[PDB]
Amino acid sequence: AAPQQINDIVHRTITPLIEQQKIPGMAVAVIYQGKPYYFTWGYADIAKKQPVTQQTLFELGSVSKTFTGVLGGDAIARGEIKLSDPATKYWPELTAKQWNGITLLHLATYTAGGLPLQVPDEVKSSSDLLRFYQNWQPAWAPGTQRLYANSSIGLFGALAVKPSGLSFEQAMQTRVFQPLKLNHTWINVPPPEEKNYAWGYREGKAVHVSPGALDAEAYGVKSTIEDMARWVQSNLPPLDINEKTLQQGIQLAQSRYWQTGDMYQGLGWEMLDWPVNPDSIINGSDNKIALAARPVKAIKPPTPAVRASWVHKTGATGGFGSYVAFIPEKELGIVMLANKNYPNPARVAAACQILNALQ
């Protein structure tokens, strides 16, 4: 009766959402008792009437940060980094005084003291980046305010892989993607895979994410609905793989490092205690809140991953909108990929309706 029940709630929830939000193409995965169930609607390419399939690639936007968090967790477990390490330890030319006291933890969790949402578009090279961070003036002491920022976790990702001697992309492929068998997940989509790469749509124009500094670390992953379902499965408790630093790093990305309001900051992932007030995550997902500064309280030592949690992340690019959420206690989760950037609360409310019916 379970597959019939899943089909019904997914159909009755997503069909009106697509119509209300005018979404051109969408893929949904429900992870129910650890098993994935896939659903597709609409078009990856409107002009060519190419349907969304289980092999369609979507831009994950900020959901990419969950991969960066896990790769950072793997580096901790390898002994290559410590979150209490100063950021300057891995970038010694970053000598400016305001960086004294700023750690990898602060970069990973948006708590360095006001690093901006986007790296400025005029910053392109590594030397541009150095000048940007050397000249940046924090608004707050480190570890006091959370301000969501690609320039923060993006730099965390770039520094965390330095001890490996690998590029960020090589580290992600070899240490996260390949061990988890995510073989249709890319930082740079290869030419033969472009036939499955959906267009994003913004004001009715077909767009892909623009290149930018630290894009790979902060918002550059593209993936299929099947690989993202396998990503959810990999972040659920029963994961037991040969690559034990990765198994441990996944658990560390769900550690609770900071609290603000009723939410907890992990590495990439964000968490709330479950059962959760649905209005809190729906309302809190609005960018008028999610992009605003909020005071944080440190959790020392970080809370080890709590099984009774709602774990989630929204993401967007100019042309795409994504959402992933799961409940480790229930072995239950959802992935929603769309080639239009429609408002976060609509994504979260739909996910709440589906998972509440199945939990």
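One rule holds for the numbers: they count along the sequence shown, beginning at 1.
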Assert higher mean C-alpha B factor (346-354 or 6-14, deposited values) equals 6-14
Higher of the two mean Cα B-factors (320-328, 301-309; per PDB record) comes from 301-309
Note to self: of 268, 157, 86, 143, the C-alpha temperature factor tops out at 86
In this crystal structure's PDB entry, the residue among 180, 102, 206, 221 with the greatest CA B factor is 206
On the chain's distribution of Cα B-factors, residue 33 falls within the third called highest
Chain thirds by Cα B factor, record data; residue 227 belongs to the lowest
So, residue 108's CA B-factor, relative to its chain, sits in which third? The lowest
Entry-reported C-alpha B-factor of residue 173 relative to its chain, by third, is middle
Residue 50: C-alpha B-factor third of its chain, per the entry, is the highest
